[PDB]
Amino acid sequence: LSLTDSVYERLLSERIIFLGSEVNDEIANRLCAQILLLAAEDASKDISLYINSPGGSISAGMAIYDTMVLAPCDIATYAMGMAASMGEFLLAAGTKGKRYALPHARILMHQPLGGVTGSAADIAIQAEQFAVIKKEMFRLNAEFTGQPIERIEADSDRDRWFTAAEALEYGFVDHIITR
Amino acid sequence: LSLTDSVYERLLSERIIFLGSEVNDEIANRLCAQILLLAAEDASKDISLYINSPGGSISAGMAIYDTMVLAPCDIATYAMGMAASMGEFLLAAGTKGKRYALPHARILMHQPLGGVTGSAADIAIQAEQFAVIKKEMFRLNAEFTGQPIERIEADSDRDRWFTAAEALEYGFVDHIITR
Amino acid sequence: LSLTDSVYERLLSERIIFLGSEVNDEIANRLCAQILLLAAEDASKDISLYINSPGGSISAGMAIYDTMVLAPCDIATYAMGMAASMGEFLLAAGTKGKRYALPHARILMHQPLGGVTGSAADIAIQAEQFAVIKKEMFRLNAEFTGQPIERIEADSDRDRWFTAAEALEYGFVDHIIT
Amino acid sequence: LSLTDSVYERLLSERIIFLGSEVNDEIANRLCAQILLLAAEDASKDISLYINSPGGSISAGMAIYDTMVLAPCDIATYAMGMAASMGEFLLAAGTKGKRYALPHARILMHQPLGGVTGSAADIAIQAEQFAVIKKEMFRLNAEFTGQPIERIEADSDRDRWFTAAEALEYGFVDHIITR
Amino acid sequence: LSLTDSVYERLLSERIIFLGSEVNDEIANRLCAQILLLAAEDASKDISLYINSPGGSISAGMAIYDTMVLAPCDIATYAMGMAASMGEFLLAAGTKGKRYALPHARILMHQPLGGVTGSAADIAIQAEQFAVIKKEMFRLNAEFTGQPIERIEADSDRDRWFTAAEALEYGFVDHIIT
Amino acid sequence: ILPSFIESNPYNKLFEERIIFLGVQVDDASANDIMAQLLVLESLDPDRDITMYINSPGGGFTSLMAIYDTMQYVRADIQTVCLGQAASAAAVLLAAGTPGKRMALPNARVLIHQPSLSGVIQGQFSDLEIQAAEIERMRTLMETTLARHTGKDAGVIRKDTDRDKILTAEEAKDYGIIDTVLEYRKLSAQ
Amino acid sequence: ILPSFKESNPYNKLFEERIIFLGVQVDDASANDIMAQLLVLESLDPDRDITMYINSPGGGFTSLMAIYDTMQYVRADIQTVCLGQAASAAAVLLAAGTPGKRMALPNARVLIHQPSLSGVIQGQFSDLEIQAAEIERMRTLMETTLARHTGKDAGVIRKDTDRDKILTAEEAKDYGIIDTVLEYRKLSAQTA
Amino acid sequence: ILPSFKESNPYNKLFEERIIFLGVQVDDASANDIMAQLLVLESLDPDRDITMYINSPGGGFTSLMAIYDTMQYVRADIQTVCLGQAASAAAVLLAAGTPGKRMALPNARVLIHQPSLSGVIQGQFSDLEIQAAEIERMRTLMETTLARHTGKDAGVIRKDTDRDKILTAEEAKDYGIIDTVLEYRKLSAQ
Amino acid sequence: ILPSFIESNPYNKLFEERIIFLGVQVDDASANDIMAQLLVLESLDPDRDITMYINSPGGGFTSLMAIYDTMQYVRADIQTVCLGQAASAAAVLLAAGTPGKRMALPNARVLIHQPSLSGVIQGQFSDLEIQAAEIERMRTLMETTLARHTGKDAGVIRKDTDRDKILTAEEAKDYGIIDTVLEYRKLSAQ
Amino acid sequence: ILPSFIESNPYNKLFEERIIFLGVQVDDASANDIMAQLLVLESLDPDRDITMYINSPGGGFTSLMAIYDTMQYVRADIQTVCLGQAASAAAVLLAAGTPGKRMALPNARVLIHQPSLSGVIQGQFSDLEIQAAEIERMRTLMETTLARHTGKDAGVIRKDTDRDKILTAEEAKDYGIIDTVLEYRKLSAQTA
Amino acid sequence: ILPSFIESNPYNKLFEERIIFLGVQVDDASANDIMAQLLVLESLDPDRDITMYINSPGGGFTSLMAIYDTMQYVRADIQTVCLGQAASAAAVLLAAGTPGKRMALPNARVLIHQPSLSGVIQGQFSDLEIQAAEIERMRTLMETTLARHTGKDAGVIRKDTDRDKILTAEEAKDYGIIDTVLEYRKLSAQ
């Protein structure tokens with residue numbers, strides 16, 4: 001029980017959870033367990049998720065996303081420091097009206113990455129699945145932000161960088177915290 | 001007892017266990033131990049197994065499968081993120097009527113993988129055992145999903161990607177969770 | 001303490017122990033210590049050992065086997081997942097009538113593996129000891145399974161793969177769990 | 001709980017926290033969690049932050065800075081040993097009137113550091129974002145210290161080493177603490 | 001503690017130590033500390049030492065042997081699995097009448113090993129010390145087993161594998177536990 | 001240690017009889033050497049057949065296509081002899097010889113299989129769409145070349161090469177990859 | 001094992017017929033060799049064409065520009081032939097041959113794409129701005145060269161090379177990078 | 001260091017005497033050289049025996065089959081002489097010499113054993129099922145060649161090579177692999 | 001592979017017409033070779049100009065100054081032609097050609113930046129202050145040479161070279177580093 | 001750096017005088033070279049002695065037996081001279097020269113020991129028994145060879161080579177490995 | 001680089017004047033080369049002396065003894081000159097020249113010390129006993145040769161060479177390692 005874990009447990013006792021690294025499978029499993037446990041303890045209070053993440057896998061992000069949506073409580077997502085790639089997806093996935101960006105946070109939107117490795121017959125399947133995943137990613141981003149899927153597709157072709165105010169205008173977040 | 005270990009123990013008190021890594025001997029041994037422990041503690045309540053695994057060894061997966069089958073309690077399975085290869089096998093192994101997939105989960109069905117080494121005689125023995133394992137796996141998947149062995153043979157040749165809805169149609173899962 | 005260790009300790013309090021990795025010296029020492037502890041705590045209740053091992057050294061496995069034999073309480077061995085080389089030897093070494101196999105377990109029987117190095121005289125000494133070890137292993141396997149030593153020597157020549165039913169017919173197992 | 005962690009816990013119980021390494025995501029997240037926890041525990045007492053750092057990433061430093069700004073509790077930053085780049089940035093960022101520098105502390109101010117990797121189309125975006133970050137950093141240093149943005153632009157070009165007295169004169173610190 | 005350490009501590013509370021790896025400085029110091037602590041706790045009850053080592057360094061083994069000799073409490077040594085080189089030396093060093101071998105234990109007896117490096121004068125010093133150590137070890141082995149030093153020196157050249165029965169015949173152990 | 005003196009290297013003697021030896025991997029360096037030799041021999045005697053010996057495990061695709069285009073361009077007929085093995089790209093080169101003049105020793109083996117990627121290409125999903133399209137184009141080009149030089153539909157070639165297909169010399173003759181199986185000419189044997 | 005056969009190699013014979021083989025990755029060494037060969041051949045017979053065989057995976061930009069300037073400088077015309085592929089810089093070199101004298105074999109492949117940095121340059125933002133400006137300059141220079149030698153606008157080239165563009169010999173001829181797709185000259189094939 | 005003495009080494013001088021050396025691991029690099037040498041020697045004089053000295057530890061299968069086909073193809077008779085060892089592949093090459101012209105020096109040894117795949121060939125089960133078939137075919141072909149050249153039965157050969165079989169010169173001669181054990185030519189002794 | 005002809009390769013041919021190729025890094029080996037070539041060329045005919053083709057990414061400072069001294073010492077006049085790029089040290093050498101005989105191809109590139117230490121020099125503060133003094137000396141020496149040869153002032157050079165300065169051929173001409181940008185000689189384009 | 005002279009090398013000159021040189025470890029490459037040299041020298045003049053200098057630490061058993069058979073096979077008599085050392089295999093070779101014509105310099109050393117398998121051979125017990133039988137066979141063969149060439153019962157050689165045995169030239173002459181220990185032929189020493 | 005002149009290079013010219021250069025470590029390769037050179041020079045003209053230039057850090061012990069036996073065997077008188085240093089084995093070789101013709105330049109160096117086992121030898125005690133006895137034999141032999149050639153006593157050599165003893169040219173002459181310290185010949189400032 002190191003200092004980091006001690007403080008994190010203390011915060012978890014106050015329904016605050018963190019996402020501060022790549023979205024691996026381990027990080028997603030930890031976050032999903034935290035959300036399930038918090039929901040079991042109480043299904044009426046909110047859960048705050050702080051996002052300082054440079055991105056990562058899509059399967060892990062989707063595990064976290066489904067666990068967030070299915071939880072009876074409301075997940076309020078605060079973008080602190082950086083919300084890139086999958087972190088952006090999870091930030092914009094928070095309960096509508098409960099998505100915040102700290103004033104100097106930055107957000108990054110771009111299309112996924114991957115690799116093709118096997119033979120031609122396997123690369124065909126990989127490419128098909130890439131198309132499916134990209135289409136679904138853009139669909140969900142457009143749903144979250146309210147922008148047309150065409151605009152999301154055009155903007156994500158390469159790294160698109162947003163500040164807090166630009167993100168608020170776009171639709172990633174509903175507020176900029178200041179106090 | 002790190003933060004993740006504490007959370008996992010608390011969930012285990014709630015009869016929720018996780019398979020979030022590639023299935024191997026160690027992960028399988030842990031899962032079997034938890035299944036035995038939960039069955040001993042109470043043999044009338046259910047067990048929940050959340051699967052986010054990319055694959056793993058057939059022997060370890062079969063250990064897990066036998067333990068699930070023989071446990072007096074009902075092992076409901078949930079597919080979140082990715083249930084690929086042996087993970088899909090275990091997901092479909094859950095008690096019929098209690099195999100859920102989260103809306104954005106993905107299932108992957110494909111044939112085993114292996115490696116041949118040694119003299120010609122050893123390679124012949126290995127090929128024979130590969131044939132036996134392939135037959136048994138296809139038969140078990142056909143039993144789980146309700147599909148003929150011929151179709152499982154056809155689709156399992158290369159990677160076969162199902163979304164949650166196609167998985168429900170095929171037979172891997174019996175419900176799509178939406179709360 | 002971690003999660004794995006916590007659940008293993010709870011099971012140990014339930015007289016269930018695991019052999020789920022290659023049988024090396026450390027694992028054998030730990031397993032022998034567990035059997036000693038459980039025999040000390042109670043000398044009548046059975047000890048359940050679940051085998052999911054791919055093999056390992058012969059000396060460590062023989063340490064485990066001797067501890068099992070000397071223990072005053074019955075050892076019931078469940079072959080779950082796999083039981084190869086020393087795994088199958090320890091599975092079959094469980095008390096007669098208390099050796100179980102799960103339905104989808106595979107049992108591999110093959111002759112010992114080793115290595116030869118050094119000078120010619122040392123190599124001769126090693127070869128003689130290899131012959132001794134092979135003979136003793138086959139004798140014990142014949143005693144466990146009830147097959148003639150010729151059949152164990154012939155079948156264990158390269159790699160003998162058994163399902164649960166084949167293992168029951170051969171004699172590694174007494175019942176299949178259902 | 002090792003000796004170092006026990007000491008840090010006992011200090012945190014007194015509202016004293018340390019920034020003693022390079023500012024990366026891990027230590028930034030730890031500091032942010034500590035600040036949130038302390039602000040929750042008592043939002044009327046100050047938080048003492050001791051800075052001995054050679055630098056770090058801008059996003060992590062901005063996470064820490066936003067948390068410091070948002071917290072209801074005043075934050076007093078003591079520069080002990082060495083406050084370089086992000087260390088200095090967070091040194092100047094404490095509550096005006098509560099920034100101190102130990103007498104033999106050095107303060108290093110320079111412009112950011114980074115790298116360009118991809119294709120030309122990606123490098124254009126990277127360069128644009130570099131300009132944005134540079135301008136924002138200089139704006140914030142000018143706000144903290146009180147100097148014109150041009151002076152910060154010129155002083156930060158290569159490297160600028162301040163003693164404690166020079167730093168107080170410039171605007172990073174409000175007092176040189178002596179006892 | 002960990003599960004392994006928990007089991008080991010529980011056994012140590014019953015006066016059961018384990019020597020299940022190569023004898024080196026660390027293991028020797030741990031064993032000596034355990035024997036000192038057990039002798040302090042009570043100076044009458046025996047101490048059971050289980051040996052499964054494949055060898056190790058002479059100095060560490062001699063540290064363990066001195067601790068065993070000076071302990072007010074009798075020490076019984078059980079050879080399980082393997083007892084090679086210093087492990088065999090410590091097994092035979094147990095209290096005369098309390099040296100057991102499990103029925104399938106293997107014992108090995110070979111002359112010491114080492115290496116020489118440096119200048120010619122240093123190598124001469126090392127060779128003289130090698131002779132001293134070898135003579136001392138054979139003297140102690142002859143004292144433990146009861147065999148004349150000539151036979152110990154002759155057999156100890158290269159490797160001499162014993163089984164539990166041949167070990168009993170030679171003199172390493174006093175009983176085969178069963 | 002090849003026997004030669006200062007240069008009567010046996011490969012020089014083979015080349016002086018219009019024989020090119022493709023006994024290594026099919027890469028850019030070997031490809032360029034092969035094309036230089038084909039052009040040189042065509043210039044030396046355009047109306048005399050050039051012989052190629054193929055004992056290669058195959059290799060790159062662009063190098064294969066370079067060699068193939070040069071073989072088809074030159075004015076002289078190309079006689080290919082598969083000795084040892086002709087695997088992957090080399091197989092096409094074996095089948096690309098002038099019809100009739102494609103041969104293989106009795107114990108040679110021909111391996112035909114679809115193009116595969118040497119490693120992992122990483123990047124944005126768009127770059128991967130481009131790369132996957134290119135790989136499919138290359139595979140279809142291979143099927144078309146073999147269909148043209150064996151007399152079989154590209155669909156049959158695609159079905160057959162989906163997984164490694166190994167053919168002895170006789171099976172290669174039946175498949176159309178070669179035309180004759182050399183008969184040993186040892187004198188004492190007859 | 002490249003045989004010989006006065007004793008000469010295939011490459012020496014090709015050079016005697018005024019043929020330069022650019023069969024390796026463009027870089028300083030190959031660029032210098034190609035420049036030396038071009039100068040030598042031009043001096044030998046200024047009014048006779050020089051043939052450049054291209055089977056290259058690309059290479060650097062400064063080396064490409066050295067070779068390009070030398071090709072466009074010499075008195076003699078340059079006839080470029082794409083052998084097995086011409087990627088990245090080799091595509092620019094292929095398009096740099098004299099109009100009407102650029103050709104490819106039927107199964108050749110051309111690959112045009114924008115300059116890509118190999119690795120990373122780390123430094124202060126004030127140096128990264130300079131590096132980015134230079135990289136943009138080189139990208140624009142590539143687009144301008146290809147526009148000049150293909151008849152297309154710089155904007156069209158920029159749009160097309162945004163991501164890897166693979167062309168066959170026929171698609172390259174349509175694009176404007178080559179003028180003819182070589183025809184086979186086998187006597188048996190024609191007489192059938 | 002190998003002394004020289006037109007500059008010629010001992011290897012070249014022996015080549016001019018129609019002597020070849022298979023004294024290295026058999027692979028494509030060595031097989032192509034052996035083949036070129038055999039073809040050149042056949043061309044120079046096809047009615048004169050070619051002596052091949054075999055001191056190899058083994059090698060690949062395709063290379064062995066290339067060398068074997070060339071040996072059985074050229075008109076000139078091949079006389080194999082095993083000096084230090086002929087292990088695995090080379091053993092076949094030793095047995096492939098012209099009947100009556102297979103020799104081994106008295107202390108030479110032969111080692112026949114079934115083909116082995118060192119390393120792991122990974123892939124789906126549907127690829128390993130093809131690799132196993134190819135390896136079985138290779139083993140059967142090795143047995144058939146050895147049985148054709150030794151006069152035994154493919155079944156007997158298969159049983160004998162199940163594990164490393166080490167034969168001395170006399171044992172090999174009795175086994176059919178060689179015909180005579182070279183006796184020493186030293187004049188002082190006789 | 002650089003093809004020879006009739007036994008002179010292209011570089012030797014260029015050397016016959018008094019052309020020195022600095023197409024590599026400026027280090028000890030290249031510096032010594034270039035000195036040797038310049039001295040030989042001066043000996044053969046002092047009253048004939050010597051051409052220096054530069055395509056180098058620069059390098060050492062002592063090697064730079066050695067080549068520079070040899071260029072400035074030779075009785076013949078040096079004409080420097082930049083091909084591809086002349087960056088770092090090479091730029092100075094390009095600027096150090098005879099006034100009026102410095103040339104660059106139209107698409108060439110010149111890079112100027114102050115000397116930079118490669119790696120880290122560790123020591124006591126005394127050794128490091130000695131090293132810093134030496135490095136300032138080297139920087140000032142480079143500034144002086146460039147100011148001398150370009151007609152600028154040392155201060156302007158210092159300010160311009162604070163951060164890497166990249167000049168096209170025309171910009172280099174307008175900066176004073178070269179005298180003329182070469183024009184193409186092709187007749188089809190005339 | 002070995003100086004040539006006008007041309008040849010010292011090694012070429014020695015070969016012209018029929019002096020093979022075994023100065024490296026006895027492996028397959030060295031064995032093939034030595035065998036080729038012996039065959040060539042036998043071809044040039046079968047009635048003339050062939051000299052073989054031995055300065056080597058030993059090496060493989062199969063290479064040893066190849067060189068041994070070739071030495072015992074050629075028609076020319078072999079004269080071995082041990083210069084710096086002859087260890088392991090090279091000792092057998094040293095004893096394999098024609099009786100009467102085996103010499104060693106005064107400060108040479110001969111190291112004879114039984115075969116040792118550096119490295120580990122893994123496998124099933126069924127393969128290790130075969131390997132052990134082979135190693136014993138090769139050990140016995142080396143003992144038989146040394147017994148034949150030194151006039152000692154093979155049991156004596158087996159007992160003597162159980163551990164590394166080092167012999168000075170005189171002790172080797174007493175043993176039987178060599179016949180005469182060479183004497184210096186410097187003129188100044190003889191005249192003083 | 002080592003320039004040639006008319007054709008030959010400096011080492012060949014030195015050899016033609018009967019000079020051998022031992023400028024590398026004393027190991028098997030250099031030992032074999034030195035012996036070959038000594039024998040060739042002895043054959044060419046036995047009466048004339050052979051000069052050995054020694055500038056080496058030492059090396060093996062059996063190589064030392066090979067070179068030493070060859071030097072003491074040949075019919076010619078061996079003169080030795082130590083140029084930069086003669087450390088360990090080389091010193092013995094320096095002391096092993098003919099009495100009267102052992103020389104060293106004024107600033108040469110001569111390091112003599114007892115044999116040392118580089119690395120670590122492992123094994124049973126019964127093997128290390130033999131190895132240690134061999135090391136002692138080698139040390140005694142080194143001392144014996146040094147005493148025989150320097151005129152000192154073996155015990156005094158054993159005491160002196162216990163630790164690294166570094167002698168200058170004059171100290172070596174006093175010790176007996178050499179006979180004369182070369183005096184410069186320069187005509188100017190004679």
# chains A, B, ... in the order shown; residues from 1 in each chain; ligands from 1
>>> interface_residues(of="chain E", to="chain C", cutoff="8 Å", atoms="only C-alpha atoms", output="short mmCIF file (atom, residue, chain, number, x, y, z; two decimals) with N, CA and C atoms, in the first residue's frame")
data_model
loop_
_atom_site.label_atom_id
_atom_site.label_comp_id
_atom_site.auth_asym_id
_atom_site.auth_seq_id
_atom_site.Cartn_x
_atom_site.Cartn_y
_atom_site.Cartn_z
N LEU E 1 2.57 -11.93 5.23
CA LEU E 1 3.64 -12.43 4.37
C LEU E 1 3.04 -13.10 3.14
N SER E 2 3.91 -13.62 2.28
CA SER E 2 3.44 -14.39 1.14
C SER E 2 3.02 -15.78 1.58
N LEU E 3 2.29 -16.47 0.70
CA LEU E 3 1.81 -17.81 1.03
C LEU E 3 2.97 -18.73 1.35
N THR E 4 4.01 -18.71 0.52
CA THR E 4 5.19 -19.53 0.78
C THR E 4 5.81 -19.17 2.12
N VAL E 7 3.59 -20.33 5.06
CA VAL E 7 3.74 -21.75 5.34
C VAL E 7 5.06 -22.00 6.05
N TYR E 8 6.13 -21.37 5.58
CA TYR E 8 7.44 -21.59 6.16
C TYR E 8 7.49 -21.12 7.60
N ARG E 10 4.90 -20.88 9.63
CA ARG E 10 4.08 -21.80 10.41
C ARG E 10 4.85 -23.06 10.75
N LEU E 11 5.60 -23.59 9.79
CA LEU E 11 6.41 -24.77 10.07
C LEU E 11 7.52 -24.46 11.06
N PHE E 18 13.83 -25.75 6.26
CA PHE E 18 13.95 -26.29 4.92
C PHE E 18 15.23 -25.78 4.28
N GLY E 20 16.16 -25.98 0.55
CA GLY E 20 15.66 -26.42 -0.74
C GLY E 20 16.23 -25.67 -1.93
N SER E 21 17.51 -25.33 -1.87
CA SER E 21 18.18 -24.68 -2.99
C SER E 21 19.68 -24.78 -2.76
N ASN E 52 16.93 -30.60 0.26
CA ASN E 52 16.65 -30.86 -1.14
C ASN E 52 17.60 -30.08 -2.03
N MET E 80 15.12 -35.49 1.18
CA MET E 80 13.96 -35.67 0.32
C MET E 80 14.30 -35.17 -1.08
N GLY E 81 14.09 -36.02 -2.07
CA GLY E 81 14.33 -35.63 -3.44
C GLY E 81 15.78 -35.73 -3.84
N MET E 82 16.63 -34.91 -3.23
CA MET E 82 18.03 -34.87 -3.61
C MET E 82 18.85 -34.34 -2.44
N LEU E 102 14.11 -40.23 2.61
CA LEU E 102 12.86 -40.69 2.04
C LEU E 102 13.16 -41.78 1.02
N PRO E 103 12.24 -42.73 0.83
CA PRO E 103 12.60 -43.95 0.10
C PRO E 103 13.11 -43.71 -1.30
N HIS E 104 12.74 -42.59 -1.92
CA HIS E 104 13.16 -42.28 -3.28
C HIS E 104 14.08 -41.07 -3.33
N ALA E 105 14.81 -40.83 -2.25
CA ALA E 105 15.82 -39.78 -2.24
C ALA E 105 17.09 -40.26 -2.92
N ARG E 106 17.80 -39.32 -3.53
CA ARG E 106 19.05 -39.59 -4.21
C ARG E 106 20.15 -38.79 -3.55
N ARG E 158 35.03 -37.80 -9.08
CA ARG E 158 33.85 -37.81 -9.92
C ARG E 158 32.60 -37.96 -9.06
N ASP E 159 31.50 -38.39 -9.66
CA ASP E 159 30.22 -38.45 -8.98
C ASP E 159 29.93 -39.88 -8.56
N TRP E 161 26.62 -41.69 -7.20
CA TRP E 161 25.20 -41.63 -6.88
C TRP E 161 24.82 -42.79 -5.97
N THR E 178 9.51 -44.51 7.04
CA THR E 178 8.33 -45.16 6.48
C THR E 178 7.43 -45.65 7.61
#
>>> residues_around(residues="range 124-129 of chain J", least_positions_apart="4", cutoff="10 Å", atoms="only C-alpha atoms", output="list in words")
residues 110, 111, 112, 113, 114, 115, 116, 123, 124, 126, 127, 128, 130, 131, 133, 134, 157 and 158 of chain C; 163 and 164 of chain H; 133, 134 and 135 of chain J
>>> interface_residues(of="chain A", to="chain D", cutoff="8 Å", atoms="only C-alpha atoms", output="ChimeraX atom specification")
/A:1-4,7-8,10-11,20-21,52,80-82,102-106,158-159,161,177-179
>>> atom_distance(atom1="CA of residue 105 in chain G", atom2="CA of residue 185 in chain G")
11.9 Å
>>> residues_around(residues="residue 25 in chain J", least_positions_apart="4", cutoff="8 Å", atoms="only C-alpha atoms", output="CSV table (one decimal) with N, CA and C atoms, in the first residue's frame")
chain,number,residue,atom,x,y,z
J,30,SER,N,40.2,-26.4,-41.3
J,30,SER,CA,41.6,-26.7,-41.2
J,30,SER,C,41.8,-28.1,-41.7
J,56,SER,N,49.2,-26.2,-32.3
J,56,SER,CA,47.7,-26.1,-32.2
J,56,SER,C,47.2,-26.5,-30.9
J,57,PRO,N,46.1,-26.0,-30.4
J,57,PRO,CA,45.5,-26.4,-29.1
J,57,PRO,C,44.6,-27.6,-29.2
J,58,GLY,N,44.4,-28.2,-30.4
J,58,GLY,CA,43.6,-29.4,-30.6
J,58,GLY,C,42.3,-29.0,-31.3
J,59,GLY,N,41.3,-29.8,-31.1
J,59,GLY,CA,40.0,-29.6,-31.8
J,59,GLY,C,39.1,-30.8,-31.9
>>> atom_distance(atom1="CA of residue 16 in chain A", atom2="CA of residue 140 in chain D")
29.1 Å
>>> interface_residues(of="chain G", to="chain F", cutoff="8 Å", atoms="only C-alpha atoms", output="ChimeraX atom specification")
/G:1-5,10-11,13-14,23-24,55,83-85,105-109,163-164,166,183-188
>>> write_last_selection(atoms="C-alpha atoms", output="mmCIF file, in the first residue's frame")
data_model
loop_
_atom_site.group_PDB
_atom_site.id
_atom_site.type_symbol
_atom_site.label_atom_id
_atom_site.label_comp_id
_atom_site.auth_asym_id
_atom_site.auth_seq_id
_atom_site.Cartn_x
_atom_site.Cartn_y
_atom_site.Cartn_z
ATOM 1 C CA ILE G 1 27.955 -14.193 -57.858
ATOM 2 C CA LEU G 2 28.010 -11.913 -60.896
ATOM 3 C CA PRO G 3 29.963 -13.568 -63.732
ATOM 4 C CA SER G 4 32.443 -11.850 -66.023
ATOM 5 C CA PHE G 5 33.267 -12.445 -69.678
ATOM 6 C CA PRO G 10 27.426 -6.811 -67.135
ATOM 7 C CA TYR G 11 27.438 -3.367 -65.519
ATOM 8 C CA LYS G 13 29.041 -3.401 -70.634
ATOM 9 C CA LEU G 14 25.857 -1.491 -69.843
ATOM 10 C CA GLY G 23 19.171 0.111 -58.527
ATOM 11 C CA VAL G 24 19.820 1.107 -54.900
ATOM 12 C CA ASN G 55 14.645 0.112 -59.633
ATOM 13 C CA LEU G 83 12.392 -1.583 -64.211
ATOM 14 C CA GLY G 84 10.640 -3.091 -61.201
ATOM 15 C CA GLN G 85 9.593 -0.095 -59.138
ATOM 16 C CA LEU G 105 7.938 -1.991 -68.146
ATOM 17 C CA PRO G 106 4.382 -3.313 -68.113
ATOM 18 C CA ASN G 107 4.512 -4.638 -64.536
ATOM 19 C CA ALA G 108 6.500 -1.779 -63.011
ATOM 20 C CA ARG G 109 5.188 0.214 -60.065
ATOM 21 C CA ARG G 163 -0.953 9.731 -48.858
ATOM 22 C CA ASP G 164 0.915 7.002 -50.688
ATOM 23 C CA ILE G 166 0.685 3.658 -56.066
ATOM 24 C CA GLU G 183 6.329 -3.711 -75.241
ATOM 25 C CA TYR G 184 7.842 -7.174 -75.190
ATOM 26 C CA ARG G 185 10.135 -8.056 -78.092
ATOM 27 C CA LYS G 186 10.256 -11.845 -77.872
ATOM 28 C CA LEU G 187 10.355 -13.335 -81.359
ATOM 29 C CA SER G 188 8.454 -16.507 -80.468
#
>>> residues_around(residues="residue 62 in chain G", least_positions_apart="2", cutoff="10 Å", atoms="only C-alpha atoms", output="number ranges by chain")
G: 26-28, 31, 59-60, 64-68, 138; I: 55, 83-86, 107-109
>>> interface_residues(of="chain A", to="chain F", cutoff="10 Å", atoms="only C-alpha atoms", output="number ranges by chain")
A: 110-128, 130-131, 133-134, 157-158
>>> write_last_selection(atoms="C-alpha atoms", output="tab-separated table (two decimals), in the first residue's frame")
chain	number	residue	atom	x	y	z
A	110	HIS	CA	-7.72	11.86	-34.67
A	111	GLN	CA	-8.55	8.63	-36.43
A	112	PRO	CA	-7.36	5.32	-34.96
A	113	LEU	CA	-4.06	3.57	-35.61
A	114	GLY	CA	-3.15	-0.05	-36.15
A	115	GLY	CA	-1.08	-2.50	-38.11
A	116	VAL	CA	-1.37	-5.14	-40.82
A	117	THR	CA	0.83	-8.18	-40.36
A	118	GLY	CA	-0.24	-11.51	-41.82
A	119	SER	CA	-0.87	-12.75	-45.35
A	120	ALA	CA	-3.07	-11.20	-48.03
A	121	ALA	CA	-6.12	-13.24	-47.04
A	122	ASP	CA	-5.71	-12.11	-43.43
A	123	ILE	CA	-4.98	-8.50	-44.34
A	124	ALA	CA	-8.31	-8.36	-46.17
A	125	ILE	CA	-10.14	-9.23	-42.94
A	126	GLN	CA	-8.04	-6.78	-40.95
A	127	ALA	CA	-8.86	-3.97	-43.37
A	128	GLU	CA	-12.57	-4.77	-43.22
A	130	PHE	CA	-10.59	-1.36	-39.57
A	131	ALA	CA	-13.36	0.14	-41.69
A	133	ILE	CA	-14.20	0.29	-36.23
A	134	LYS	CA	-13.55	3.68	-37.83
A	157	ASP	CA	-8.14	12.67	-40.72
A	158	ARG	CA	-5.16	14.09	-38.84
